[PDB]
C-alpha cells in the first residue's frame, strides 16, 4: 500500500501529515475490503482513495469558509484536538479519536468514494478537514462485490486498476 497522488498544488500540507492521513484512510479501507476490520462487516469491492491536491485546496477553502465543500457537493470530515508535543504525534492520536466517531467513519470508509484531500491549521490546537469526491447517503448500503485481485474485479467505476486489493480510478467524475 502506498499513497497515490493526483493533481496539484494545492498540496501544501507536509508529506508526513498527508501520509499519516492517507495511510489511516486507505489502510482501513484495505482491511475492510478483505472483510477483516473489526466491526466493519463482510469483504467487499473497495476503491482506494486517490490523494488529490485539488481537493486538499478545497479542504483549505472549507476551513476558511465553512460550507464551501457542500456547495461543490463533496463529502467532508473534520477532526481536531488540543496538544502539547509534536504536531505529528498529536495528529496520530487525533486520528485514533477520529476513528471512534462512527458518523465520520461512514465517509472515510464509503466504498464508492475515489478521491480526497485534507488541510489543517494550527492555532496549541490543530484543526483538519477532509474533502471527498463522493458522500454516502443515510441508510445507503456499503456491502457488495468482492475485494479486487485484478482490474476486472473493479465494477463501480469504468477505468480502474486493482492494486493492493483496492480499486483505483482517476475519472469517477
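Residue numbers count along the first chain shown, from 1.
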Worksheet item: Is there a break between residue 123 and residue 124, and how many deposited residues does it span: none, 1 to 3, 4 to 9, or 10 or more?
Response: 4 to 9
Worksheet item: Mean C-alpha B factor from the entry: is it higher for 98-106 or for 78-86?
Response: 78-86
Worksheet, complete the sentence: Comparing 110-118 with 143-151, the higher average Cα temperature factor in the PDB entry belongs to 143-151
Worksheet item: Out of 48, 136, 66, 42, which one has a C-alpha B factor higher than all the others in the entry?
Response: 42
Worksheet item: Once the chain's modelled residues are ordered by C-alpha B factor and cut into thirds, is residue 32 in the lowest, middle or highest one?
Response: middle
Worksheet item: For residue 38, does the deposited CA B-factor place it in the lowest, middle or highest third of the chain?
Response: highest
Worksheet item: Once the chain's modelled residues are ordered by C-alpha B factor and cut into thirds, is residue 165 in the lowest, middle or highest one?
Response: highest
